[PDB]
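Participant: only the shape, not the letters, is given here:
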RNA sequence: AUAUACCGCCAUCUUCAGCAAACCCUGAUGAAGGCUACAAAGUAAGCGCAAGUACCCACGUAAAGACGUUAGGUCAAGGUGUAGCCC
RNA sequence: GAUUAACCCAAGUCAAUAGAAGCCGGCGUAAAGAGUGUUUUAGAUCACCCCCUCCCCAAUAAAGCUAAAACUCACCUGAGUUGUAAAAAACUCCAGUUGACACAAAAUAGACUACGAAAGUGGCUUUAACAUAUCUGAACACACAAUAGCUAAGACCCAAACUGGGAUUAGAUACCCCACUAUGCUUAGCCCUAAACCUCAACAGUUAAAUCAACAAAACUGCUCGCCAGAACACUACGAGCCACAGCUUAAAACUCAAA
Ligand SMILES: CN[C@@H]1[C@H](O[C@H]2[C@H](O[C@H]3[C@H](O)[C@@H](O)[C@H](NC(=N)N)[C@@H](O)[C@@H]3NC(=N)N)O[C@@H](C)[C@]2(O)C=O)O[C@@H](CO)[C@H](O)[C@H]1O
Ligand SMILES: [K+]
Ligand SMILES: [K+]
Ligand SMILES: [K+]
Ligand SMILES: [K+]
Ligand SMILES: [Mg+2]
Ligand SMILES: [Mg+2]
Ligand SMILES: [Mg+2]
Ligand SMILES: [Mg+2]
Ligand SMILES: [Mg+2]
Ligand SMILES: [Mg+2]
Ligand SMILES: [Mg+2]
Ligand SMILES: [Mg+2]
Ligand SMILES: [Mg+2]
Ligand SMILES: [Mg+2]
Ligand SMILES: [Mg+2]
Ligand SMILES: [Mg+2]
Ligand SMILES: [Mg+2]
Ligand SMILES: [Mg+2]
Ligand SMILES: [Mg+2]
Ligand SMILES: [Mg+2]
Ligand SMILES: [Mg+2]
Ligand SMILES: [Mg+2]
Ligand SMILES: [Mg+2]
Ligand SMILES: [Mg+2]
Ligand SMILES: [Mg+2]
Ligand SMILES: [Mg+2]
Ligand SMILES: [Mg+2]
Ligand SMILES: [Mg+2]
């Protein structure tokens, strides 16, 4: 249930004080905003913390911390593939919501008319 | 597929890039369907060296 | 930007000729040469003396046939001979053309010690290639 | 480039083509037919189909060369391989009967392993966060760490601390010290490992 | 003397694509503005780009590269308008 | 400026000066709805007919109450806490857990849109209580009016002009950090201001016609009150009035420009 707009904006018939003071007219546009780039999640941090903790104990020797390094190595390989897979697949693959570029072609076929003709 | 510049010669009409793509989209759609013999001729109108080394002739000396 | 031998674009009311409509980078691709001799060939000489004759001949004909030259001269040399080929307008009377042919041929034959022959090709109006 | 995009890089592998059609997978089989249609680049001089071709020893030679003098860069590499070979034979005849089983005499096995002991695992990459550049520890890619190992070995040898020592004797001495996890090149890896473990608090700035 | 009168030859943005006549429409016939391809007012000669050409090809490199901008550069290439000198 | 020609008027010409022509237009942003409400003398025709949002949600005043957080004290433990783009100074009867404990301020609800003349009002309870059966009606009458501020006596968690210290900086009477005061609170008097602006007066009515300079919050009609007529000087000067004495209200002119 979309909030009401009766007696909200300052007008001539409305006797009471305004409830809303919009800086942009409350009229639907014929386009949507572009999806903003997020921040991302750092990967292989737990493997990277147990591998650098073994160096301190073993004075940065790569012969006693071999097992820890593989965890940090194998992870990097898997993480790298996911980044490549995610970027290409999301745009090409159609999942959930549509993209702005395809969604603005749908809103321009049914434009909002705040005028008379 | 007939290129844009070659399609303006069959029609003697200037064509935009976008209009050419629209025409190609219908022809491809035509091919996917079970087109009859006559249709194949229609599409063919708009459609236009073996990578093998050349063996040298074996000769014979004296 | 480059300016040499280029006619700048206009509204469309300026008529230019084939030679005047092509820039220097077309001189051997779409244009020929207005003078043809051997001076500039590999191992040939007297390229500076054939050049001075061309600069003077083009000025002698421009001032001797005033208002009558539709296009540039085409100078041709075959041995001793020098052949001047020109496109001219039909405004001037023929009587005056024959006078200028015998005056220019003779004067230039005694000046450059060579047989000079002039071949006119009259045209009604200046041939127009396109309108820039 | 004088080659068009159509041109594809050639495959010098000699045992690939020999593969029987019966082993060819459906995907692989397709590829082989496709290549027929494709145009192929001319094989470069550097790489042949010999059994002694080593891509790592050819790349290490190219990283030392100066001004296209490949005859000298290759000469230094082979002298180094021969110096490693002669030094191990001298350590093998003078060793005990049970110490000779743990003495590597193949200079290649020493070259590839020594470079593997110098490859760093993590490096420092400048990331822009809050209008500032932070040297956050980042996992170096496989290629990067393979390149750094070669660059450091050549920089250490080129470094003008050894007054009058020929490169073959220097490169051979550093390769034998890194084989046993010793020397400056290994130490240089630890110093990069000590700076990535001190600045681990900034290991979340990165996204990838 | 004046490049701040100019031609001429160039630089530069240009490792661009835009420049623009002539029409049309919108805005109540204001300066102004002018797109959406499952299309909603723009069409466009000419110019440049592109294509062609040159060099060892289809590649690449040259060349070409507008209309404008910076009163950009040069009166000392030469010519030249104006003012000035002429024992 | 001289000269030549020409134009206008003409026994006149025309430099200076003065005068003659000035109210039915406006007030969202150009100069104008002066912070609010009431009434008077009076005016209006929206008063009879004739009709439709009583009550309740955050009006106001008084008294009482307290959930979260904080301060303080005490115990136990620890050796540091504060501060930040990063530091210094500061503090070290300091910090953390637990417990006890306000004359301060009132998460969510509130995506609600209410009360009141406006200012303003958003924790709980109770008492009193919210003008008017036509409309309009005041810089000055009558009564109100955020914050700041004065006077007097109390309170004090936190915040905090001034001030002091630390740092930055060419400098830094500033922005950043710390500490603390007037002050903000209560009681009793005063002061009487605001971008008190929803910059859009009160009442009644319409949505047709020429919709309408622009923008903003579509354009109009009737009626009444108030105000305004180039800019600046000027939220000034003088005068008057006022518990106001560096104050507020009201409020000119000269000089100056040809624009704002
Ligand atoms: C159309 N005229 C515009 C106007 O010019 C005006 C301008 O007038 C100026 C006054 O002399 C000066 O005393 C006056 N100075 C003052 N202290 N009052 C200026 O404010 C005034 N300029 C102005 N109002 N814009 O200078 C004068 C000489 C002017 O040229 C008179 O006609 O104002 C000029 C800007 O000041 C503009 O450049 C002009 O285009
Ligand atoms: K110039
Ligand atoms: K000159
Ligand atoms: K001159
Ligand atoms: K306001
Ligand atoms: Mg605004
Ligand atoms: Mg210039
Ligand atoms: Mg200049
Ligand atoms: Mg090319
Ligand atoms: Mg070039
Ligand atoms: Mg070109
Ligand atoms: Mg105003
Ligand atoms: Mg008001
Ligand atoms: Mg006021
Ligand atoms: Mg509360
Ligand atoms: Mg009243
Ligand atoms: Mg009055
Ligand atoms: Mg007042
Ligand atoms: Mg007050
Ligand atoms: Mg007070
Ligand atoms: Mg405090
Ligand atoms: Mg200070
Ligand atoms: Mg205090
Ligand atoms: Mg207010
Ligand atoms: Mg009123
Ligand atoms: Mg005024
Ligand atoms: Mg004031
Ligand atoms: Mg005053
Ligand atoms: Mg006074």
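Facilitator: That came through fine. Numbers count the residues shown, from 1 in each chain, chains lettered A, B, ... in the order given. Ligands and ions are numbered 1, 2, ... in the order given.

Participant: am I right that residue B:43 is in contact with residue B:30?
Facilitator: Yes: between residue B:43 and residue B:30 there is a contact at 6.1 Å, judged by C-beta atoms under 8 Å. C-betas here are computed from N, CA, C, even on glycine.

Participant: tell me which helix or strand residue D:12 sits in.
Facilitator: Using DSSP states H and E, residue D:12 sits in no helix or strand.

Participant: and residue C:8, by the same measure?
Facilitator: Going by DSSP H and E, residue C:8 is not in any helix or strand.

Participant: so it versus RNA strand E, what's the distance?
Facilitator: Plainly put, residue C:8 is 4 Å away from RNA strand E if you go by C-beta to the nearest atom of the strand, to the nearest Å.

Participant: strands along the chain, start to end?
Facilitator: Chain wasn't specified; assuming chain A. Here chain A has no strands by DSSP state E.

Participant: can you look at chain D instead?
Facilitator: Along chain D, counting by DSSP E, strands occupy D:122-129, D:132-139.

Participant: so which of those strands gets nearest chain A?
Facilitator: Among the strands of chain D, strand D:132-139 comes nearest to chain A, with 4.5 Å by C-beta to the nearest C-beta.

Participant: and that closest one, what's buried?
Facilitator: D:134, D:136, D:137, D:138, D:139 (16 or more other C-beta atoms under 10 Å in any protein chain shown).

Participant: which among those residues gets closest to residue D:86?
Facilitator: Checking the buried residues of strand D:132-139 against residue D:86 with C-beta to C-beta, the nearest one is residue D:139 at 39.1 Å.

Participant: for the closest residue to that closest one other than its chain neighbours, give its distance to RNA strand F.
Facilitator: The shortest distance from residue D:139 to any non-neighbouring residue, by C-beta to C-beta, 6 or more residues apart in numbering or on different chains, is to residue A:76 (4.5 Å). Applying C-beta to the nearest atom of the strand, the value for residue A:76 to RNA strand F is 29 Å.

Participant: equivalent analysis for residue D:199, please.
Facilitator: For residue D:199, the distance to RNA strand F equals 14 Å [C-beta to the nearest atom of the strand].

Participant: go on, residue D:111?
Facilitator: In terms of C-beta to the nearest atom of the strand, residue D:111 sits 46 Å off from RNA strand F.

Participant: next: residue A:92.
Facilitator: Distance of residue A:92 to RNA strand F, computed by C-beta to the nearest atom of the strand: 34 Å.

Participant: give the buried residues for the longest helix that chain D contains.
Facilitator: Assignment by DSSP state H gives helix D:70-93 as the longest helix of chain D. Burial within helix D:70-93, assessed by neighbour count using 16+ other C-beta under 10 Å, is assigned to D:70, D:73-74, D:76-77, D:79-81, D:83-85, D:87-88.

Participant: tell me the two of the residues you listed that are most distant?
Facilitator: D:70 and D:88 (27.1 Å).

Participant: residue contacts, residue D:100?
Facilitator: The contact partners of residue D:100, taken as C-beta atoms under 8 Å, 6 or more residues apart in numbering or on different chains, are residue D:92.

Participant: what is the burial count for the residue nearest to residue D:139?
Facilitator: Look at residue A:76: counted by other C-beta atoms under 10 Å in any protein chain shown, it has 22 neighbours.

Participant: that one against residue A:45, yeah?
Facilitator: No: Residue A:76 is beyond contact range of residue A:45, at 11.3 Å (criterion: C-beta under 8 Å).

Participant: returning to that earlier point: redo the strands of chain D as JSON lines? Include distance to residue C:106.
Facilitator: Formatted as JSON lines, those follow (distance: least, C-beta to C-beta, whole Å):
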{"stretch": "strand D:122-129", "distance to residue C:106": "86"}
{"stretch": "strand D:132-139", "distance to residue C:106": "87"}
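
Participant: how many neighbouring residues does the nearest residue to residue D:145 once chain neighbours are set aside have?
Facilitator: Of all residues not flanking residue D:145 in the chain, residue D:119 sits nearest, at 4.1 Å (C-beta to C-beta, 6+ apart). Using other C-beta under 10 Å, residue D:119 is surrounded by 17 other residues.

Participant: same thing with residue C:105?
Facilitator: Residue C:105 has 16 nearby residues by other C-beta under 10 Å.

Participant: that one and residue C:119 touch, don't they?
Facilitator: No: the criterion here is C-beta under 8 Å, and residue C:105 misses it with residue C:119 at 10.5 Å.

Participant: for chain C, what spans make up the strands?
Facilitator: Assignment of strands within chain C using DSSP E yields the ranges C:15-16, C:35-36, C:74-78, C:81-89, C:116-123, C:130-131.

Participant: redo those as JSON lines? Include distance to chain B and mean neighbour count.
Facilitator: Shown next, in JSON lines, are the strands of chain C (distance: least, C-beta to the nearest C-beta, whole Å; neighbours: other C-beta atoms under 10 Å in any protein chain shown):
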{"stretch": "strand C:15-16", "distance to chain B": "26", "mean neighbour count": "16"}
{"stretch": "strand C:35-36", "distance to chain B": "38", "mean neighbour count": "16"}
{"stretch": "strand C:74-78", "distance to chain B": "37", "mean neighbour count": "16"}
{"stretch": "strand C:81-89", "distance to chain B": "36", "mean neighbour count": "17"}
{"stretch": "strand C:116-123", "distance to chain B": "34", "mean neighbour count": "15"}
{"stretch": "strand C:130-131", "distance to chain B": "20", "mean neighbour count": "12"}
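
Participant: figure out which of those is closest to residue A:1.
Facilitator: Comparing those by their distance to residue A:1 (C-beta to C-beta), the top pick is strand C:130-131, with 69.8 Å.

Participant: quick one: strands adjacent to that closest one?
Facilitator: Applying DSSP bridges, strand C:130-131 is found paired with strand C:15-16 (antiparallel).

Participant: so is the strand it pairs with next to RNA strand E?
Facilitator: No: using C-beta under 7 Å from any atom of the strand, strand C:15-16 never reaches RNA strand E; the gap is at least 9.0 Å.

Participant: mind giving me TSV with the strands of chain C and columns for distance to residue D:179?
Facilitator: Below are those laid out as TSV (distance: least, C-beta to C-beta, whole Å):
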stretch	distance to residue D:179
strand C:15-16	79
strand C:35-36	78
strand C:74-78	83
strand C:81-89	87
strand C:116-123	91
strand C:130-131	79
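
Participant: so which of those strands comes closest to residue D:99?
Facilitator: Between residue D:99 and these, the tightest spacing by C-beta to C-beta is seen for strand C:35-36, at 91.5 Å.

Participant: so how far is the closest one from its chain's centroid?
Facilitator: 10 Å (C-alpha atoms, centre = their mean, to the nearest Å).

Participant: give the pairing partners of that strand; include direction for each.
Facilitator: strand C:74-78 (parallel).

Participant: mind listing residues that contact the partner strand?
Facilitator: Residues outside strand C:74-78 that contact it (C-beta under 8 Å, 6+ apart): C:34-38, C:50, C:54, C:57, C:82-86.

Participant: rerun that using 7 Å as the cut-off
Facilitator: For strand C:74-78, contacts defined as C-beta atoms under 7 Å, 6 or more residues apart in numbering or on different chains pick out C:34, C:35, C:36, C:37, C:54, C:57, C:82, C:83, C:84, C:85.

Participant: by proximity to chain A, which residue of chain D wins?
Facilitator: With C-beta to the nearest C-beta as the measure, residue D:207 is the residue of chain D nearest to chain A, at 3.0 Å.

Participant: tally of neighbours for the closest residue in space to that residue that isn't next to it in sequence?
Facilitator: Counting by C-beta to C-beta, 6+ apart, residue D:207 lies nearest to residue A:40, which is 3.0 Å off, once chain neighbours are set aside. Per other C-beta under 10 Å, the neighbour tally for residue A:40 reads 10.

Participant: number of residues surrounding the residue in chain B that RNA strand F sits nearest to?
Facilitator: Closest to RNA strand F within chain B is residue B:18: 34.2 Å, counting by C-beta to the nearest atom of the strand. When neighbours are defined as other C-beta under 10 Å, residue B:18 has 7 of them.

Participant: perfect, that will be all.
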